[PDB]
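Each remark here refers to the structure printed beneath this line.
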Amino acid sequence: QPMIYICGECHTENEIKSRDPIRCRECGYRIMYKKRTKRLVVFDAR
Amino acid sequence: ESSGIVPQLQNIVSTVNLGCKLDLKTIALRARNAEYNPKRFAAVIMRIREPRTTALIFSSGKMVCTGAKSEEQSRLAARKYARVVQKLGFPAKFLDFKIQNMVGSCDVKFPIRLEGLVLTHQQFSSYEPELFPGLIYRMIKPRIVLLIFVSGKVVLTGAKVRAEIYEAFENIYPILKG
Amino acid sequence: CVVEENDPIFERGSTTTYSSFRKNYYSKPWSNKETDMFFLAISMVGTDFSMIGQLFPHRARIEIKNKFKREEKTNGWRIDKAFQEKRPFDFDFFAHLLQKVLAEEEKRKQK
Amino acid sequence: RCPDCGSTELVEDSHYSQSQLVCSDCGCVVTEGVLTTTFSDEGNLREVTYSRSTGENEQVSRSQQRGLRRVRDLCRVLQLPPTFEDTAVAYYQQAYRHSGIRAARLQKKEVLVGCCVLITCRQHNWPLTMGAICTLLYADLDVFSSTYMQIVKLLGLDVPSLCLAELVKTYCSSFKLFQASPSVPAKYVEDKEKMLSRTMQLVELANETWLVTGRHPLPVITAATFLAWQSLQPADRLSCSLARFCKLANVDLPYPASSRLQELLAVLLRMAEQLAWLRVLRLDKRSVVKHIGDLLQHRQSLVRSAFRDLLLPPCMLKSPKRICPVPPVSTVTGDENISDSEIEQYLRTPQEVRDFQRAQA
Amino acid sequence: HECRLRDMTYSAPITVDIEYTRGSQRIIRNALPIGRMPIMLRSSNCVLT
Amino acid sequence: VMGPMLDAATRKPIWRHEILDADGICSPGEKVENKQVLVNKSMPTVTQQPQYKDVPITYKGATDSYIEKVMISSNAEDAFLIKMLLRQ
Amino acid sequence: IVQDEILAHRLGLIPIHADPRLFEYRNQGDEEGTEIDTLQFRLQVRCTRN
Ligand SMILES: [Zn+2]
Ligand SMILES: [Zn+2]
């Protein structure tokens, strides 16, 4: 299963598997965020 | 589906006991090709006209014949050494002769990825290019330690009979080919 | 106190260093006449390296052993012929030949 | 199981800050209430380690303690994390369990410290050169390698291979061509990221072209970074030499680095011949440095074609017509011996005996 | 900010040049780390200034 | 980090592991209720086969919270630090 | 960057020009909504460089 993440400075979609050194291509920044979910979320305007 | 290549034995090592005490001083004094230095080493080095042979004779009768190319050649060399010791004036005998180790060499005639080989057989191999250029493999069905080079040459050691080295090479050939 | 007896060395970079594995041996090669007289000494004595090193002051016993092993591994017929031929041990003429070899190497260094 | 209905549907459901293992079928409370500590209770419980509570650290000799302290000192000097320190001390204790290493030489145990540190460093994919290990360990490479082989054969621990890229990055960080220092002018100063990427591409090319296999990796790394530094500005660095670069960078020049550089330049010349415009230009080992970057753009097909038209030592590529000549089998054994003439010619004559006695008197 | 995110310390490597005598031969070192000093934000050596 | 324990009856994650993603880490944008796990962490008990026991990071809260971001960093000790930013 | 709850609150504060007399109150529950008592407004904006 392709797990995708986002770099802290490049903001590029990088695919890495489990037990890998957290890194991003064309850079060396070590902050990797997770993309927002695709599931439907219901919010109340109250 | 044989490999088609046969190794060549370059050394045969065998220990043999004479069964009697020896006087290394007189042995070295009454011989021309005798090499012995008690302060340096306690064995007399005997060399003969066999194709290649070195005997490390000791005072307890134990002597190790090395450098031979076959078991029969090693036995002939050991018997010649025993005859020389007898002619030197000692009751030497030829008892307890058994092949202790044999070193052989072979070539596969194609390059081998040492990193791939160690990654595939780490539990049976060791690769440290910073120390020795050859990969050291230790197999059990062969009962043999092997030095494998990138050029395709493999040196095998730690066997007792030529059949062991032969089956060792036959088993390791497909692994290196694959 | 050290009165400017030594000079500071700008070595041992704090970053990293590598290995050498080869320190001291650094042997010196032989020559044709030296090989001939070495074979003569072999025929005169045998394989005992102690006497050979004693009679060879300018060459090390370890180098002599290495040369003998190389000859045994490469030129076996020469060793067989050397063992076949025999010569009684000579001391005065051997010292004269040693002096001749010293003169020859001096001339080589001059060249 | 449930004491009432016998069902095994026991679920731990906390009901308003009340941990309770309750059956999911009938709701029968099996167990309820858990005994925790409180903060003042937690503060007044003192932290005592297993090293003291279990009973160890007392059946240890002064030699083992000195070895452990040396391991810790070297780990702190190298600035390795406490996890590395713990792994190193654990491996040192495991090696000390054996008697052969226990009753060994002082140099033997020093090299044992070094090899345990090296194994701990390798187990986490961390690059550390054995040369610096020996330099900081007060030992020689020969005995170091001998004891390393002995201990690895005695133990049989996993020995991960030294990754090339990590060592490349570690050695590139050593060079001072990143910040303009008083000695090095601004012309020699080059970009860090681009030069590191170029060196990584060059060392990957060397690894794929059978240049690092069998040979020391560090000379190849030095040759690759030198070629990268020259290619980033071929104009001002056409006259600079390997020794000059090593002197400028304050780095000990490896001996085979020159040979690795020559072989890599030959490979680059082959790649240029494979390319069209370069093969028309007819470059050489001195003018291909400006097009090395272009060689690395599509090096895949170039190396493929180069292998189509194996890298082996120069001593083997000299037209080996008779590979491993078959020796004549000579199994002539006679009956049991030959004669006594050889025995007599081996025996020393009285004249030679007296001459030897006079010489060695 | 990266230090805050990664739960590490924002410090600089303390280096020194020293000279000693190993075997009565003076050996000098131009740069050797000895510690790490936590750098205050917006200081002279801070990256924010 | 273990993946979401899917229920074989409905082929969907259980109510506790509902907010977890494919990698076992809760994804941003969803709502977190009381007694729900955020990271399905499992650690070995030995320190021959390793025996992992689960120690998930449950969310203790009276009201619901929404995950804004999930940062994953790696320290020098090969340790993965995961920080989830809950908003109310 | 704006929070989801703040965005929902701002959208709720936006008036609708629909005539309320033509609609009815939604019964208790029924989140799916029916044609008589619901109105759907889609908002899809993707910002990109010019
Ligand atoms: Zn990035
Ligand atoms: Zn029940």
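Residue numbering restarts at 1 in every chain; chains get A, B, ... in the order shown in the structure tokens, and ligands count up from 1 in that same order.
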Practice problem: Collect all residues with atoms no farther than 12 Å from ligand 2, counting only C-alpha atoms and all ligand atoms, and output them as a PyMOL selection string. | Solution: chain D and resi 1-11+21-30
Can those selected residues be exported to a file as a tab-separated table (two decimals), in the first residue's frame so that it contains N, CA, C and O atoms?
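Below is the file that was written, result_4.tsv:
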chain	number	residue	atom	x	y	z
D	1	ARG	N	-13.74	-16.28	31.46
D	1	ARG	CA	-15.16	-16.53	31.24
D	1	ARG	C	-16.02	-15.81	32.26
D	1	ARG	O	-15.55	-15.45	33.34
D	2	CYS	N	-17.29	-15.59	31.91
D	2	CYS	CA	-18.21	-14.92	32.81
D	2	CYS	C	-18.64	-15.87	33.93
D	2	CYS	O	-18.98	-17.03	33.67
D	3	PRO	N	-18.62	-15.42	35.19
D	3	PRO	CA	-19.05	-16.30	36.29
D	3	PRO	C	-20.54	-16.63	36.27
D	3	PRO	O	-20.94	-17.62	36.88
D	4	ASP	N	-21.36	-15.84	35.58
D	4	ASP	CA	-22.80	-16.08	35.55
D	4	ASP	C	-23.22	-16.89	34.33
D	4	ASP	O	-23.81	-17.97	34.47
D	5	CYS	N	-22.93	-16.39	33.13
D	5	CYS	CA	-23.36	-17.04	31.90
D	5	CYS	C	-22.28	-17.91	31.27
D	5	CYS	O	-22.59	-18.70	30.38
D	6	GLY	N	-21.03	-17.79	31.71
D	6	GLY	CA	-19.96	-18.58	31.14
D	6	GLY	C	-19.42	-18.08	29.82
D	6	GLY	O	-18.58	-18.77	29.22
D	7	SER	N	-19.85	-16.92	29.36
D	7	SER	CA	-19.39	-16.38	28.09
D	7	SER	C	-17.98	-15.81	28.22
D	7	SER	O	-17.56	-15.39	29.30
D	8	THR	N	-17.26	-15.80	27.10
D	8	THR	CA	-15.90	-15.31	27.05
D	8	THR	C	-15.80	-13.91	26.44
D	8	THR	O	-14.71	-13.47	26.07
D	9	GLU	N	-16.93	-13.21	26.32
D	9	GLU	CA	-16.94	-11.86	25.75
D	9	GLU	C	-16.69	-10.82	26.84
D	9	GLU	O	-17.53	-9.98	27.16
D	10	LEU	N	-15.49	-10.89	27.42
D	10	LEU	CA	-15.07	-9.97	28.47
D	10	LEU	C	-14.30	-8.82	27.84
D	10	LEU	O	-13.24	-9.03	27.24
D	11	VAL	N	-14.83	-7.60	27.97
D	11	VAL	CA	-14.24	-6.41	27.38
D	11	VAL	C	-13.90	-5.43	28.49
D	11	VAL	O	-14.65	-5.29	29.46
D	21	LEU	N	-13.47	-4.59	33.73
D	21	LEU	CA	-13.56	-5.71	32.80
D	21	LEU	C	-14.94	-6.33	32.95
D	21	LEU	O	-15.22	-7.01	33.94
D	22	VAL	N	-15.81	-6.09	31.97
D	22	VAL	CA	-17.21	-6.48	32.07
D	22	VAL	C	-17.59	-7.33	30.87
D	22	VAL	O	-17.12	-7.12	29.74
D	23	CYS	N	-18.43	-8.33	31.13
D	23	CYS	CA	-18.96	-9.19	30.07
D	23	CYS	C	-19.83	-8.37	29.11
D	23	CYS	O	-20.60	-7.50	29.54
D	24	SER	N	-19.69	-8.65	27.82
D	24	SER	CA	-20.45	-7.92	26.80
D	24	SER	C	-21.80	-8.54	26.50
D	24	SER	O	-22.59	-7.94	25.76
D	25	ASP	N	-22.10	-9.72	27.05
D	25	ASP	CA	-23.37	-10.38	26.81
D	25	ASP	C	-24.41	-10.01	27.86
D	25	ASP	O	-25.49	-9.50	27.54
D	26	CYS	N	-24.09	-10.25	29.14
D	26	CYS	CA	-25.01	-9.97	30.23
D	26	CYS	C	-24.62	-8.75	31.05
D	26	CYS	O	-25.38	-8.35	31.94
D	27	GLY	N	-23.45	-8.16	30.80
D	27	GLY	CA	-23.03	-7.00	31.57
D	27	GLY	C	-22.55	-7.31	32.97
D	27	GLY	O	-22.47	-6.40	33.79
D	28	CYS	N	-22.23	-8.57	33.26
D	28	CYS	CA	-21.75	-8.93	34.59
D	28	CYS	C	-20.35	-8.37	34.80
D	28	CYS	O	-19.44	-8.61	34.00
D	29	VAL	N	-20.18	-7.62	35.89
D	29	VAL	CA	-18.89	-7.02	36.20
D	29	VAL	C	-17.97	-8.11	36.73
D	29	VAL	O	-18.20	-8.66	37.81
D	30	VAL	N	-16.93	-8.44	35.96
D	30	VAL	CA	-15.97	-9.45	36.40
D	30	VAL	C	-14.99	-8.86	37.41
D	30	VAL	O	-14.89	-9.34	38.55
Exercise. May I have the residues within 7 Å of range 62-66 of chain F as a PyMOL selection string, using only C-alpha atoms and disregarding those fewer than 3 positions away in the same chain?
Key: chain F and resi 29-34+86-88
Self-check item: At most 9 Å to chain A: residues in chain G, only C-alpha atoms, as a PyMOL selection string
Solution: chain G and resi 4-13
Generate the output file for the selected residues, N, CA and C atoms, as a PDB file, in the first residue's frame.
ATOM      1  N   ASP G   4     -11.630  24.238  10.073  1.00  0.00           N
ATOM      2  CA  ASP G   4     -12.864  23.693   9.517  1.00  0.00           C
ATOM      3  C   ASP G   4     -14.086  24.204  10.270  1.00  0.00           C
ATOM      4  N   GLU G   5     -14.008  24.250  11.602  1.00  0.00           N
ATOM      5  CA  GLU G   5     -15.138  24.727  12.395  1.00  0.00           C
ATOM      6  C   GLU G   5     -15.397  26.210  12.156  1.00  0.00           C
ATOM      7  N   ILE G   6     -14.334  27.014  12.079  1.00  0.00           N
ATOM      8  CA  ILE G   6     -14.498  28.440  11.807  1.00  0.00           C
ATOM      9  C   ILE G   6     -15.082  28.649  10.416  1.00  0.00           C
ATOM     10  N   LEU G   7     -14.621  27.863   9.440  1.00  0.00           N
ATOM     11  CA  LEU G   7     -15.169  27.957   8.091  1.00  0.00           C
ATOM     12  C   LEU G   7     -16.648  27.593   8.070  1.00  0.00           C
ATOM     13  N   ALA G   8     -17.025  26.525   8.778  1.00  0.00           N
ATOM     14  CA  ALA G   8     -18.429  26.131   8.837  1.00  0.00           C
ATOM     15  C   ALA G   8     -19.276  27.203   9.509  1.00  0.00           C
ATOM     16  N   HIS G   9     -18.755  27.812  10.576  1.00  0.00           N
ATOM     17  CA  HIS G   9     -19.482  28.883  11.249  1.00  0.00           C
ATOM     18  C   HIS G   9     -19.663  30.090  10.336  1.00  0.00           C
ATOM     19  N   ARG G  10     -18.615  30.460   9.594  1.00  0.00           N
ATOM     20  CA  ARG G  10     -18.725  31.579   8.662  1.00  0.00           C
ATOM     21  C   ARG G  10     -19.733  31.282   7.560  1.00  0.00           C
ATOM     22  N   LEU G  11     -19.725  30.052   7.038  1.00  0.00           N
ATOM     23  CA  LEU G  11     -20.694  29.676   6.013  1.00  0.00           C
ATOM     24  C   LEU G  11     -22.115  29.701   6.562  1.00  0.00           C
ATOM     25  N   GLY G  12     -22.298  29.256   7.807  1.00  0.00           N
ATOM     26  CA  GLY G  12     -23.611  29.327   8.426  1.00  0.00           C
ATOM     27  C   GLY G  12     -24.102  30.750   8.612  1.00  0.00           C
ATOM     28  N   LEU G  13     -23.189  31.680   8.900  1.00  0.00           N
ATOM     29  CA  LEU G  13     -23.556  33.083   9.038  1.00  0.00           C
ATOM     30  C   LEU G  13     -23.929  33.735   7.712  1.00  0.00           C
TER      31      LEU G  13
END
Counting only C-alpha atoms and all ligand atoms, what are the residues, protein, DNA or RNA alike, that approach ligand 1 to within 8 Å? I want them as a tab-separated table (two decimals) with N, CA, C and O atoms, in the first residue's frame.
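Writing done, so here's result.tsv:
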chain	number	residue	atom	x	y	z
A	6	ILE	N	4.02	14.54	3.05
A	6	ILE	CA	4.34	15.87	2.53
A	6	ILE	C	5.55	16.41	3.27
A	6	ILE	O	5.65	16.29	4.50
A	7	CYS	N	6.48	17.02	2.53
A	7	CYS	CA	7.67	17.62	3.11
A	7	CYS	C	7.32	18.95	3.79
A	7	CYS	O	6.32	19.60	3.49
A	8	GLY	N	8.18	19.34	4.74
A	8	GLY	CA	7.96	20.58	5.46
A	8	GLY	C	8.32	21.83	4.68
A	8	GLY	O	7.79	22.91	4.97
A	9	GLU	N	9.21	21.71	3.71
A	9	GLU	CA	9.64	22.85	2.90
A	9	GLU	C	9.38	22.66	1.42
A	9	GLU	O	9.00	23.62	0.74
A	10	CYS	N	9.57	21.45	0.89
A	10	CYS	CA	9.29	21.20	-0.52
A	10	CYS	C	7.80	21.08	-0.80
A	10	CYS	O	7.34	21.46	-1.88
A	11	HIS	N	7.05	20.55	0.17
A	11	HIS	CA	5.61	20.32	0.02
A	11	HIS	C	5.32	19.43	-1.19
A	11	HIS	O	4.37	19.66	-1.94
A	12	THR	N	6.14	18.40	-1.38
A	12	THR	CA	6.00	17.45	-2.47
A	12	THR	C	5.54	16.11	-1.93
A	12	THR	O	5.92	15.70	-0.83
A	23	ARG	N	13.16	11.28	5.15
A	23	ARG	CA	13.88	12.24	4.34
A	23	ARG	C	13.02	12.59	3.12
A	23	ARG	O	12.08	11.87	2.78
A	24	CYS	N	13.36	13.69	2.47
A	24	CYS	CA	12.68	14.12	1.26
A	24	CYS	C	13.70	14.33	0.16
A	24	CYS	O	14.82	14.79	0.42
A	25	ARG	N	13.31	14.01	-1.07
A	25	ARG	CA	14.21	14.17	-2.21
A	25	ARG	C	14.46	15.65	-2.48
A	25	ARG	O	13.75	16.53	-2.00
A	26	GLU	N	15.52	15.90	-3.25
A	26	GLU	CA	15.97	17.25	-3.65
A	26	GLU	C	16.03	18.21	-2.46
A	26	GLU	O	15.95	19.43	-2.63
A	27	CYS	N	16.23	17.68	-1.27
A	27	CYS	CA	16.36	18.47	-0.05
A	27	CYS	C	16.90	17.55	1.05
A	27	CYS	O	17.22	16.39	0.79
A	28	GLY	N	16.99	18.08	2.26
A	28	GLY	CA	17.43	17.30	3.41
A	28	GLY	C	16.61	17.58	4.65
A	28	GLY	O	17.03	17.25	5.77
A	29	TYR	N	15.45	18.19	4.47
A	29	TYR	CA	14.58	18.51	5.60
A	29	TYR	C	13.94	17.24	6.13
A	29	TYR	O	13.52	16.36	5.37
A	30	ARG	N	13.85	17.14	7.46
A	30	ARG	CA	13.37	15.94	8.14
A	30	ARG	C	12.06	16.18	8.88
A	30	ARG	O	11.85	15.69	9.99
For the interface of chain E with chain C (cut-off 10 Å, counting only C-alpha atoms), please tabulate each contacting residue of chain E alongside its nearest pair of atoms and their separation in Å to one decimal, rows sorted by chain and increasing number, as a Markdown table.
| residue | atom | partner | partner_atom | distance |
| --- | --- | --- | --- | --- |
| E:19 | CA | C:8 | CA | 8.9 |
| E:20 | CA | C:8 | CA | 9.9 |
| E:21 | CA | C:8 | CA | 9.9 |
| E:24 | CA | C:6 | CA | 8.8 |
| E:25 | CA | C:6 | CA | 6.8 |
| E:26 | CA | C:8 | CA | 5.5 |
| E:27 | CA | C:9 | CA | 5.9 |
| E:28 | CA | C:10 | CA | 6.6 |
| E:29 | CA | C:14 | CA | 7.2 |
| E:30 | CA | C:14 | CA | 8.1 |
| E:31 | CA | C:14 | CA | 6.7 |
| E:32 | CA | C:14 | CA | 6.2 |
| E:33 | CA | C:14 | CA | 8.9 |
Grab the residues selected above and save them as a PDB file, in the first residue's frame with N, CA, C and O atoms.
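For reference, again-v4.pdb as written:
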ATOM      1  N   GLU E  19      47.369  22.744  21.910  1.00  0.00           N
ATOM      2  CA  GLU E  19      48.696  22.210  21.646  1.00  0.00           C
ATOM      3  C   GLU E  19      49.141  21.405  22.859  1.00  0.00           C
ATOM      4  O   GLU E  19      48.972  21.852  23.998  1.00  0.00           O
ATOM      5  N   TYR E  20      49.694  20.220  22.610  1.00  0.00           N
ATOM      6  CA  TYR E  20      50.116  19.321  23.675  1.00  0.00           C
ATOM      7  C   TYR E  20      51.401  18.621  23.250  1.00  0.00           C
ATOM      8  O   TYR E  20      51.897  18.803  22.133  1.00  0.00           O
ATOM      9  N   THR E  21      51.942  17.810  24.156  1.00  0.00           N
ATOM     10  CA  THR E  21      53.163  17.048  23.911  1.00  0.00           C
ATOM     11  C   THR E  21      52.867  15.577  24.163  1.00  0.00           C
ATOM     12  O   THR E  21      52.666  15.168  25.312  1.00  0.00           O
ATOM     13  N   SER E  24      57.056  14.119  23.941  1.00  0.00           N
ATOM     14  CA  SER E  24      57.945  15.285  23.955  1.00  0.00           C
ATOM     15  C   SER E  24      57.966  15.977  22.598  1.00  0.00           C
ATOM     16  O   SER E  24      58.733  16.932  22.419  1.00  0.00           O
ATOM     17  N   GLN E  25      57.152  15.539  21.640  1.00  0.00           N
ATOM     18  CA  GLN E  25      57.026  16.196  20.345  1.00  0.00           C
ATOM     19  C   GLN E  25      55.727  16.995  20.348  1.00  0.00           C
ATOM     20  O   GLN E  25      54.641  16.424  20.492  1.00  0.00           O
ATOM     21  N   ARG E  26      55.840  18.311  20.189  1.00  0.00           N
ATOM     22  CA  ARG E  26      54.668  19.173  20.257  1.00  0.00           C
ATOM     23  C   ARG E  26      53.749  18.920  19.071  1.00  0.00           C
ATOM     24  O   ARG E  26      54.167  19.017  17.912  1.00  0.00           O
ATOM     25  N   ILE E  27      52.495  18.587  19.365  1.00  0.00           N
ATOM     26  CA  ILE E  27      51.469  18.359  18.355  1.00  0.00           C
ATOM     27  C   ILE E  27      50.326  19.325  18.626  1.00  0.00           C
ATOM     28  O   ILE E  27      49.848  19.428  19.764  1.00  0.00           O
ATOM     29  N   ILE E  28      49.894  20.033  17.589  1.00  0.00           N
ATOM     30  CA  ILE E  28      48.864  21.054  17.717  1.00  0.00           C
ATOM     31  C   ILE E  28      47.628  20.619  16.942  1.00  0.00           C
ATOM     32  O   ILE E  28      47.709  19.847  15.982  1.00  0.00           O
ATOM     33  N   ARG E  29      46.474  21.119  17.379  1.00  0.00           N
ATOM     34  CA  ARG E  29      45.202  20.872  16.717  1.00  0.00           C
ATOM     35  C   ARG E  29      44.524  22.207  16.468  1.00  0.00           C
ATOM     36  O   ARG E  29      44.371  23.008  17.396  1.00  0.00           O
ATOM     37  N   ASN E  30      44.127  22.451  15.219  1.00  0.00           N
ATOM     38  CA  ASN E  30      43.545  23.737  14.855  1.00  0.00           C
ATOM     39  C   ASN E  30      42.055  23.825  15.160  1.00  0.00           C
ATOM     40  O   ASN E  30      41.536  24.937  15.314  1.00  0.00           O
ATOM     41  N   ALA E  31      41.358  22.695  15.251  1.00  0.00           N
ATOM     42  CA  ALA E  31      39.920  22.714  15.512  1.00  0.00           C
ATOM     43  C   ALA E  31      39.526  21.376  16.119  1.00  0.00           C
ATOM     44  O   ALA E  31      39.618  20.343  15.450  1.00  0.00           O
ATOM     45  N   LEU E  32      39.089  21.396  17.376  1.00  0.00           N
ATOM     46  CA  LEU E  32      38.634  20.187  18.054  1.00  0.00           C
ATOM     47  C   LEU E  32      37.398  20.497  18.894  1.00  0.00           C
ATOM     48  O   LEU E  32      37.455  21.354  19.784  1.00  0.00           O
ATOM     49  N   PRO E  33      36.272  19.838  18.634  1.00  0.00           N
ATOM     50  CA  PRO E  33      35.085  20.058  19.465  1.00  0.00           C
ATOM     51  C   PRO E  33      35.296  19.564  20.887  1.00  0.00           C
ATOM     52  O   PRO E  33      35.944  18.541  21.128  1.00  0.00           O
TER      53      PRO E  33
END
Exercise. At a cut-off of 10 Å, list the chain F residues touching chain E, using only C-alpha atoms, as JSON, numbers by chain.
Key: {"F": [71, 72, 73, 74, 75, 80, 81, 82, 83]}
Practice problem: To one decimal in Å, tell me the separation between CA of residue 129 in chain D and CA of residue 86 in chain D. | Solution: 20.5 Å
Practice problem: May I have the residues of chain C within 6 Å of chain D, counting only C-alpha atoms, written as an MDAnalysis selection string? | Solution: chainID C and resid 15:19 21
Exercise. Specify as a list in words all residues of chain F found within 9 Å of chain D, counting only C-alpha atoms.
Key: residues 35, 76, 77 and 78 of chain F
